[PDB]
Amino acid sequence: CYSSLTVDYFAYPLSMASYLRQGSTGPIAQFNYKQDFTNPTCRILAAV
Amino acid sequence: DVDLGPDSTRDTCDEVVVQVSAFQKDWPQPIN
Amino acid sequence: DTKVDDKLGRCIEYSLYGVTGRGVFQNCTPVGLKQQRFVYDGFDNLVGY
Amino acid sequence: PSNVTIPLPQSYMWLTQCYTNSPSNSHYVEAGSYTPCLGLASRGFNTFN
Amino acid sequence: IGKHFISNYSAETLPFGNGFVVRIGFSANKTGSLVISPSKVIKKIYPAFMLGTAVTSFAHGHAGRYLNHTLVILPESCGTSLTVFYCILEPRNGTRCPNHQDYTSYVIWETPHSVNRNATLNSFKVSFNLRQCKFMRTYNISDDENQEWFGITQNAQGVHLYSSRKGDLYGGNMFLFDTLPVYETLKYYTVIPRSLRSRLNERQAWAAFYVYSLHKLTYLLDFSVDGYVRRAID
Amino acid sequence: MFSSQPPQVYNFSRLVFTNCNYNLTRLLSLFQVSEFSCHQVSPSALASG
Ligand SMILES: *[C@@H]1O[C@H](CO)[C@@H](O[C@@H]2O[C@H](CO)[C@@H](O[C@@H]3O[C@H](CO)[C@@H](O)[C@H](O)[C@@H]3O)[C@H](O)[C@H]2NC(C)=O)[C@H](O)[C@H]1NC(C)=O
Ligand SMILES: *[C@@H]1O[C@H](CO)[C@@H](O[C@@H]2O[C@H](CO)[C@@H](O[C@@H]3O[C@H](CO)[C@@H](O)[C@H](O)[C@@H]3O)[C@H](O)[C@H]2NC(C)=O)[C@H](O)[C@H]1NC(C)=O
Ligand SMILES: *[C@@H]1O[C@H](CO)[C@@H](O[C@@H]2O[C@H](CO)[C@@H](O)[C@H](O)[C@H]2NC(C)=O)[C@H](O)[C@H]1NC(C)=O
Ligand SMILES: *[C@@H]1O[C@H](CO)[C@@H](O[C@@H]2O[C@H](CO)[C@@H](O)[C@H](O)[C@H]2NC(C)=O)[C@H](O)[C@H]1NC(C)=O
Ligand SMILES: *[C@@H]1O[C@H](CO)[C@@H](O[C@@H]2O[C@H](CO)[C@@H](O)[C@H](O)[C@H]2NC(C)=O)[C@H](O)[C@H]1NC(C)=O
Ligand SMILES: CCCCC/C=C\C/C=C\CCCCCCCC(=O)O
Ligand SMILES: *[C@@H]1O[C@H](CO)[C@@H](O)[C@H](O)[C@H]1NC(C)=O
Ligand SMILES: *[C@@H]1O[C@H](CO)[C@@H](O)[C@H](O)[C@H]1NC(C)=O
Ligand SMILES: *[C@@H]1O[C@H](CO)[C@@H](O)[C@H](O)[C@H]1NC(C)=O
Ligand SMILES: *[C@@H]1O[C@H](CO)[C@@H](O)[C@H](O)[C@H]1NC(C)=O
Ligand SMILES: *[C@@H]1O[C@H](CO)[C@@H](O)[C@H](O)[C@H]1NC(C)=O
């Protein structure tokens, strides 16, 4: 169990999975979404 | 590939004397 | 490009030909080699420029 | 993505073995160096070869 | 002018190892006897080298043939310019050329008598054919009679050339002046024989140069106030 | 890198750059990166320093 749970979700193509990884310098990490690492966090890429 | 000029038009290479005993002389220069 | 003739004597950030850091700048007599552009100490720290 | 950025080679080729006489005397590439079998591998690897 | 008087510096393929340093111009103001006539004021001569990765024999069993791309370093303009090029050398089949029975050694030469600035390269082209050359670079050297130092090392970033003339013209400290895009590991080097076809009224004595191998060692360098190294400990 | 066809893995080509500025965004916009793995550095640090 944990005190809070925050989920950030968006439509993202699986061909650009390397642009969502930490340290990346592509357009996604520079102008779209940078993952915050202050809290214990996990990033999940999936298909429906 | 960089162009390094025309090939040598000569058909004969020069003639050389290979003497080694004349060049055997020592002026030692060790690394100090 | 910014100049150092104003920011002498106080802690400033520098980016000198790609070498980055922070320090205090002061006009000094030249030591070391001019062509190498950087003077270091025995602990691999920039002590001159 | 675009075939006009870089010309397309014919195929992807790589070395599977490189040895002298017997496979037990294999020559391994070093870190950041070229293989000893570079001249042999320059002839290419295809369906026939 | 007679036949060239050379030693057997060809066919002597020493291992490159970690590179080497060359002491150039020692005893460039004293007097010494001529080798061909065992005396005059000695002068400084520059070495010419030939570096590669593979070696073999020539067409008739004579050693000293460099295969594939070969790094060649040649002084030019009578010791004024230095030219470095990276080509594949094709031996020629003349009467005395390497791919012929009457072959003992190859030599480069300069005729002292408006500088052509290409005589050494032409003398080299007499013996070899130059094909698929990757790069050619040129450097200026101011002619003097001071003792100099030249060195070569190879690394993952290419071939590094060190000269004393960059920072310490009157000292022995050696500074990098160019980096060559030679990334295949050099394994052999030879000193190319050099001759001067000067007349009896223009003959001179040329100073010996010394080649020392380089090793991965720790040194204790003493840096002066002006930044030069004047004392070291192995 | 763009003039001719790329070589094979056993015959890799090497480019060394010194004393120059390169447009990294233009270089990265021509490739669809699928996987990267850095050591003792990060791509953001390569683009920032
Ligand atoms: C460095 O130079 C040597 C030459 O001394 C190169 O070796 C030569 O490479 C060529 C091309 O692969 C070989 O030609 C081939 O011969 C076979 C028959 O054996 C033939 O079927 C092919 O169609 C082709 O013509 C040549 O035989 C070979 N010679 C020797 C003595 O090995 C070597 O490849 C060069 N190194 C590099 C990295 O390029
Ligand atoms: C062979 O003799 C020549 C004679 O010219 C020597 O060249 C001279 O070498 C001295 C020092 O070895 C040079 O003096 C230096 O001058 C600079 C200013 O240019 C000064 O800042 C230095 O402190 C030093 O005094 C001199 O310039 C130079 N002259 C020429 C024309 O090159 C040469 O060194 C001798 N080679 C030997 C002994 O191996
Ligand atoms: C000395 O010879 C070299 C070739 O061995 C010349 O360099 C090439 O010359 C041709 C003919 O003009 C040019 O097409 C090439 O572009 C030159 N290649 C270079 C410069 O890398 C060189 O020009 C000759 N020197 C003189 C003064 O003519
Ligand atoms: C490694 O790859 C390079 C480039 O793909 C090859 O260089 C080409 O070689 C051929 C003949 O050997 C030349 O006609 C081309 O002009 C060269 N191109 C370039 C860009 O250099 C090289 O031969 C390959 N090496 C091996 C051992 O296969
Ligand atoms: C680096 O390359 C980018 C292209 O990826 C350049 O961006 C172009 O800039 C010009 C003028 O600023 C615009 O007209 C183009 O539309 C831009 N292209 C794209 C794809 O956006 C950029 O100018 C180059 N230089 C620098 C310093 O970033
Ligand atoms: C496309 C790679 C080759 C481009 C040209 C060569 C070298 C450029 C040098 C350094 C930049 C490294 C960027 C790291 C890319 C992974 C991160 C991403 O972008 O997700
Ligand atoms: C820095 O010091 C040098 C030598 O003392 C002097 O020539 C120069 O004018 C000084 N510059 C400034 C900005 O003080
Ligand atoms: C790239 O592919 C397209 C797809 O049809 C083709 O029309 C074009 O000619 C190709 N370009 C090259 C340089 O091969
Ligand atoms: C060159 O001459 C010396 C002097 O005798 C000799 O020791 C050496 O073996 C010779 N080199 C070759 C390749 O024969
Ligand atoms: C001599 O060499 C040239 C080119 O290197 C070649 O065209 C010619 O056939 C050779 N001659 C002989 C007799 O081998
Ligand atoms: C020196 O280099 C220049 C090019 O930088 C060249 O034109 C010249 O011929 C060289 N030699 C001399 C003696 O100036």
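Atoms within each ligand, like the ligands themselves, are counted from 1 in listed order. Here is the naming used below: chain letters follow the sequence lines, and residue numbers restart at 1 for every chain.
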ask   = Based purely on interatomic distance, does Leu4(B) place a nitrogen or oxygen under 3.5 Å from a nitrogen or oxygen of ligand 3?
value = yes
ask   = Do any non-hydrogen protein atoms sit less than 4.0 Å from atom 18 (N) of ligand 3?
value = yes
request  = Find out whether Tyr22(F) and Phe17(F) are in side-chain contact, i.e. whether some heavy atom of one side chain is under 4.5 Å from a heavy atom of the other.
outcome  = no
Inventory of protein N or O atoms under 3.5 Å from ligand 8 N or O:
unit_1	atom_1	unit_2	atom_2	d
ligand 8	2 (O)	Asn3(D)	ND2	2.4
ligand 8	11 (N)	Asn3(D)	ND2	2.9

query = Should we count CD of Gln10(D) as having more than 12 external heavy atoms under 6.0 Å?
reply = no
inquiry  = For atom 28 (O) of ligand 3, what's the nearest protein heavy-atom neighbour? Residue, atom name and distance, please.
reply    = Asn118(E) ND2, 4.3 Å
query = Looking at atom 38 (C) of ligand 1, what's its closest protein heavy atom, distance included?
reply = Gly39(D) CA, 3.9 Å
key: Shortest protein contact, atom 16 (O) of ligand 3 (heavy atom only)   = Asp3(B) O, 4.6 Å
inquiry  = Under 4.0 Å and counting heavy atoms only, is there anything from the protein next to atom 21 (O) of ligand 3?
reply    = yes
ask   = Does the side chain of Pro6(F) reach to within under 4.5 Å of the side chain of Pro9(D), using non-hydrogen atoms?
value = yes
ask   = Any salt bridge between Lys44(E) and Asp144(E), counting N to O under 4.0 Å?
value = yes
task = State whether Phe135(E) and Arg137(E) meet the cation-pi test: NZ (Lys) or CZ (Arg) under 6.0 Å from the six-membered ring centroid, and within 45° of the perpendicular axis.
result = yes
query = Considering all protein heavy atoms, does one lie under 4.0 Å from atom 13 (C) of ligand 3?
reply = no
note = When distances are taken from atom 5 (O) of ligand 3, the protein heavy atom at minimum range is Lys125(E) NZ, 2.4 Å
inquiry  = Pairing donors with acceptors under 3.5 angstrom, does anything connect the side chains of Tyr33(A) and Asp8(A)?
reply    = yes
request  = Measure the distance from atom 19 (O) of ligand 1 to every protein heavy atom, then report the residue, atom name and distance (to 0.1 Å) of the closest one.
outcome  = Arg43(D) NH1, 4.0 Å
query = Heavy atoms only: which of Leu67(E), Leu38(D), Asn68(E) is nearest to atom 6 (C) of ligand 1?
reply = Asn68(E)
ask   = Under 4.0 angstrom from atom 25 (N) of ligand 3, is there any protein heavy atom?
value = yes
task = Sort and list the pairs that fulfil disulfide (SG to SG under 2.5 Å) and have at least one residue in residues 19-69 of chain E, not counting sequence neighbours.
result = none
query = Which one holds for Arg117(E) and ligand 3: side chain close, backbone close, both close, or neither close, with close meaning a heavy atom under 4.0 Å?
reply = neither
message = Taking the side chain as everything from C-beta on, heavy atoms only, tell me whether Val229(E) gets closer than 4.5 Å to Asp168(E).
response = no
query = When you look for heavy atoms under 4.0 Å from ligand 3, do you find them on the side chain of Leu121(E), its backbone, both, or neither?
reply = side chain
